[PDB]
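One line per chain: the protein sequences are C, D, B and A, in this order.
Numbered per the entry's author numbering, the first sequence spans residues 1 to 114.
Numbered per the entry's author numbering, the second sequence spans residues 1 to 114.
Numbered per the entry's author numbering, the third sequence spans residues 1 to 114.
Numbered per the entry's author numbering, the fourth sequence spans residues 1 to 114.
Number of protein chains: 4
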Amino acid sequence: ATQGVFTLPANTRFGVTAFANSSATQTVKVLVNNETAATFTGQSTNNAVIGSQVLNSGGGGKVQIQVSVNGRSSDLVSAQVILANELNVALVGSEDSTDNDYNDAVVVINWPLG
Amino acid sequence: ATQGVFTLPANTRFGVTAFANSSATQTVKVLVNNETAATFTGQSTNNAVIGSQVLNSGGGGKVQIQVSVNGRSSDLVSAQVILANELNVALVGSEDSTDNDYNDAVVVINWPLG
Amino acid sequence: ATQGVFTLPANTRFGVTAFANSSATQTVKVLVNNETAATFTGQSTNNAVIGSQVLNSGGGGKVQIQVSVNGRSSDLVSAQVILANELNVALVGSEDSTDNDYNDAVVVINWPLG
Amino acid sequence: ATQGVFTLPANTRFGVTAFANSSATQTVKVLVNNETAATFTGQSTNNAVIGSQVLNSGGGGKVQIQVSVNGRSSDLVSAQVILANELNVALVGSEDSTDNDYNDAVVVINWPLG
Ligand SMILES: *[C@@]1(O[C@@H]2[C@@H](O)[C@@H](O)O[C@H](CO)[C@@H]2O)O[C@H](CO)[C@@H](O[C@@H]2O[C@@H](C)[C@@H](O)[C@@H](O)[C@@H]2O)[C@H](O[C@@H]2O[C@H](CO)[C@H](O)[C@H](O)[C@H]2O)[C@H]1NC(C)=O
Ligand SMILES: CC(=O)N[C@H]1[C@H](O[C@@H]2[C@@H](O)[C@@H](O)O[C@H](CO)[C@@H]2O)O[C@H](CO)[C@@H](O[C@@H]2O[C@@H](C)[C@@H](O)[C@@H](O)[C@@H]2O)[C@@H]1O[C@@H]1O[C@H](CO)[C@H](O)[C@H](O)[C@H]1O
Ligand SMILES: CC(=O)N[C@H]1[C@H](O[C@@H]2[C@@H](O)[C@H](O)O[C@H](CO)[C@@H]2O)O[C@H](CO)[C@@H](O[C@@H]2O[C@@H](C)[C@@H](O)[C@@H](O)[C@@H]2O)[C@@H]1O[C@@H]1O[C@H](CO)[C@H](O)[C@H](O)[C@H]1O
Ligand SMILES: CC(=O)N[C@@H]1[C@@H](O[C@@H]2O[C@H](CO)[C@H](O)[C@H](O)[C@H]2O)[C@H](O[C@@H]2O[C@@H](C)[C@@H](O)[C@@H](O)[C@@H]2O)[C@@H](CO)O[C@H]1O
Ligand SMILES: [Ca+2]
Ligand SMILES: [Ca+2]
Ligand SMILES: [Ca+2]
Ligand SMILES: [Ca+2]
Ligand SMILES: [Ca+2]
Ligand SMILES: [Ca+2]
Ligand SMILES: [Ca+2]
Ligand SMILES: [Ca+2]
C-alpha cells in the first residue's frame, strides 16, 4: 500500500516534526496538495529534531511525506490515530537500509493546533 | 482508566518530546521508574517544541507522563502504536481546560533510537 | 477524558462487534446519535463473539459505546486508527472489576464496509 | 515494508477474527512461529465474521497474517495499538483489487484473553 499520505480537513493548520536515527543524512519532504511545503534535512543517531514547523492543509487537505537518503527513496510505514475523538496524530517511519528499525527518519503530524 | 503510563523494554533509550498549544504555560513531568527524569516547561499556541530529550527506560521499563498548568493536573489521554512490528510511538494528549482539544500539551515518546 | 465516542461520516454503514473475556455477563450498548441502535449481551472468558451487526451512522455520525455488567458501568478506554488513509477501526476496551486487563468486553467498530 | 507480522508475549493465548467485505472469497492464513495454525475462508460484502478462534503465541511469540483470493496474495496494511498500557489489538487490512478500501478482509488479533 502507499504509505505516508494523509487526508486532513481543508484549510487546517497542522504540525509536522521529524526526528533522525541513522548514520545517513535524511531528507524529509512534506508535500501539501502535491507541492513541496517544507524540506527537513539532517543527520543524527540520537533522535535529534531535524525540523518542526506549522503548515496549512490548504484547499485539498492532502499531506504526503517522502523520505530519501542521497536520492534513494526510503521504505515507509504509516498510520493515523485519533485520541479522545479529537486529537489526530499521523505517524511515518522510514527505513533507509536492511535492519528494519523504521526509525531512520520518524515523522509526526498533529492537529488541530492552538 | 489511568493514562500516560507506558511499559518500555528494559534499559532502552527512548525519545520524549513535547509540543504546546495553549495560552497557559505547560509543565510536563517525565517519570522513569517512579522518579522524575525530566521536566519540560514552556508556552506556545503554535505547537512549539517545549522540550525534547533522550532518556533510558532503566531496569523497570516504566515511563509516566504528567502534565500540569500552574500546579493543577491536566486530564490525559494516551495510546501506544507499533508500526512495522518495530517502531514504537507512545502518545499523550492533555487538556488544561474545558474545550477538550487535548492538544494543550502533546507528548511523543519514541523508540528504539539509533 | 470521555471514551467510547467516535465521529463517523454521516449516513455510513459500519460494523460493530464485541468480544467477552470476564466471568461476568457483559452488556454492550451502541448509541447512534444518542439513541440505542443495538445491544449485545453475552458471557465468555475465551473471547467469544457476543454480537456483531451492521449499523448506519445516520445524519449526525455520532457513535457511542457503553458497557455495563448488571447495570453498573464499566470503565472504558478507546482510540481510532486509520490505515492506508482509508480503513477505519475504532476500538473500545472495558474493565468491570479491579484487575485492569481492559478486555472484559472489547468492541471493534470498522468502516467502510462492502 | 512487511505487514501483518506481530510479536506477542511468549506462550500467551490470543484471539484472531476476520471479517469479509468483497465480492471475492477471502482466505486468511494465520501462521504462529512460521507454522500454519488456522485458515479462515469465506465471502461476504456485509462484514460477516468468516472466522474467530483462540490460539497460543507459543515460545517465539511470532504471529503472521496472510490474505489471498483464489491463490493471489492481497496487499496488506497493519498496525498494533496498546490501550490502558495493557489491551493489545493488532489490525490487518487487505486489498484484493483496485479500489483501495483495504477492507476486503479485515483481521483483528487481541490479547490478553480471559
Ligand atoms: C549502511 O551502509 C551501506 C553500505 O554498507 C553499502 O551497502 O552502501 C549502502 C548505500 O547504498 C550503505 O551506505 O548504511 C546504512 C544507512 O544507509 C546504515 O544503517 C543506518 O544507520 C545505522 C546506524 C542504523 O540507524 C540503521 O537503522 C540505519 O538504517 C548501516 O549502518 C549499520 O547498520 C547496522 C545494522 O544493519 C549496524 O547497526 C551498524 O552498527 C551500523 O553501522 C550501514 N552499514 C555499514 C556497514 O556501513
Ligand atoms: C472471586 C471472584 O469471583 N472474583 C470475580 C469478581 O467477583 C465479584 C464478587 O467477588 C463480589 O464482590 O461481587 C462482585 C460484583 O458485585 C463480583 O461478582 O467479579 C469480577 C467481574 O465482575 C471478576 O473478574 C472478571 O472476570 C475474570 C475471570 C477476569 O476476566 C477479570 O478480568 C474480569 O474483570 C472476578 O473474577 C476473578 O478475577 C481475578 C482478577 O481480579 C482472576 O481473574 C480470578 O481468577 C477471577 O475469578
Ligand atoms: C469491475 C470490477 O472491478 N469487478 C470486481 C472484480 O472482478 C474482477 C473481474 O472484473 C476480472 O476480470 O477478474 C478479476 C479476477 O481476476 C475480478 O473478478 O473483482 C474484485 C475482487 O477480486 C471486486 O472488488 C471487490 O469486491 C467489491 C464488491 C468491493 O468490496 C471491492 O472493494 C473489492 O475489492 C470487483 O468488484 C467491484 O468493485 C468496485 C470498486 O472497484 C465496486 O465496488 C463494484 O460495485 C464491484 O462490483
Ligand atoms: C476565558 C479564558 O481566559 N479562558 C482560558 C482558555 O483560553 C481560551 O479557550 C477558549 C476555548 O475554551 C478559546 O480558545 C479562547 O480563544 C481562549 O482564550 C485556556 O484554554 C487553553 O488555551 C486556549 C488558547 C486553547 O488552546 C485551549 O484548548 C486551552 O485549553 C485556559 C488555560 O488554562 O485558561 C482559560 O482561563
Ligand atoms: Ca534502519
Ligand atoms: Ca535507525
Ligand atoms: Ca484545551
Ligand atoms: Ca489547545
Ligand atoms: Ca478485568
Ligand atoms: Ca478479563
Ligand atoms: Ca477492495
Ligand atoms: Ca471491499
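Each residue gets a CB set at the ideal place from its N, CA and C atoms; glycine is no exception.
With a threshold of 8 Å on Cβ separation, who are the neighbours of residue i within its own chain once the five nearest residues in sequence on each side are excluded?
| i | result |
| --- | --- |
| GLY59 of chain D | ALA10, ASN11 and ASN33 |
| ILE50 of chain B | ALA18, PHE19, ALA20, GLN26, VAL28, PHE40, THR41, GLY42, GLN43, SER44 and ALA105 |
| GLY114 of chain B | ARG13 |
Please find out if some non-hydrogen atom of ligand 6 comes closer than 8 Å to the beta-carbon of residue i.
| i | result |
| --- | --- |
| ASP101 of chain D | no |
| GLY114 of chain D | yes |
Looking at residue i and ligand 4, is the gap between the Cβ and the nearest heavy atom below 8 Å?
| i | result |
| --- | --- |
| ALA48 of chain D | no |
| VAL69 of chain A | no |
Under the three-state reduction of DSSP, which class applies to residue i: helix, strand or coil?
| i | result |
| --- | --- |
| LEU55 of chain D | strand |
| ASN103 of chain C | strand |
| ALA1 of chain C | coil |
| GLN26 of chain A | strand |
| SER44 of chain D | strand |
| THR12 of chain B | coil |
| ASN21 of chain B | strand |
| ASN110 of chain C | strand |
Answer yes or no: the CB of residue i versus the heavy atoms of ligand 2, is any distance below 8 Å?
| i | result |
| --- | --- |
| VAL106 of chain B | no |
| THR45 of chain B | yes |
| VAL92 of chain B | no |
Going by beta-carbon coordinates alone, are residue i and residue j separated by less than 9 Å?
| i | j | result |
| --- | --- | --- |
| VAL63 of chain D | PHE14 of chain D | yes |
| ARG72 of chain C | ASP99 of chain C | no |
| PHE6 of chain A | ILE109 of chain A | yes |
| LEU91 of chain D | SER57 of chain D | no |
| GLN80 of chain D | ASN85 of chain A | yes |
| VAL16 of chain A | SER74 of chain A | no |
Got a sec? Which residues, its chain only, sit under 6 Å from residue i by beta carbon, not counting five neighbours each side?
| i | result |
| --- | --- |
| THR41 of chain D | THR27 |
| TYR102 of chain D | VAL77, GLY93 and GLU95 |
| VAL67 of chain D | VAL28, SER74, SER94 and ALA105 |
| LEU87 of chain C | none |
| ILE82 of chain C | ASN88 |
| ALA24 of chain A | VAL69 and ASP96 |
| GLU35 of chain B | none |
Within the present structure, is the beta-carbon of residue i separated from the nearest heavy atom of ligand 1 by less than 8 Å?
| i | result |
| --- | --- |
| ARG72 of chain C | yes |
| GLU95 of chain C | yes |
So, for residue i: in the same chain, excluding its five sequence neighbours on each side, which residues have a beta-carbon less than 7 Å away from its beta-carbon?
| i | result |
| --- | --- |
| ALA37 of chain C | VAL30, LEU31 and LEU55 |
| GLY4 of chain C | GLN64, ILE65, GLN66, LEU76, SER78 and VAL92 |
| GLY61 of chain D | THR7, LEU8, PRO9 and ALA10 |
| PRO112 of chain B | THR12 |
Does the beta-carbon of residue i, which I'm using as the reference point, lie nearer than 8 Å to any heavy atom of ligand 7?
| i | result |
| --- | --- |
| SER22 of chain D | yes |
Please confirm whether any heavy atom of ligand 9 lies closer than 8 Å to the CB of residue i.
| i | result |
| --- | --- |
| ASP75 of chain D | no |
Is the closest heavy atom of ligand 8 to the C-beta of residue i under 8 Å?
| i | result |
| --- | --- |
| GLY42 of chain B | no |
At a cut-off of 8 Å, is residue i close to ligand 3 when judged by its beta-carbon and the heavy atoms of the ligand?
| i | result |
| --- | --- |
| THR98 of chain A | yes |
Sequence ranges, beta strand (DSSP E) only - wholly within the stretch 60-108 of chain D, length at least 3:
As far as the stretch 60-108 of chain D is concerned, its whole beta strand (DSSP E) runs of at least 3 residues are 62-69, 75-83 and 87-95.
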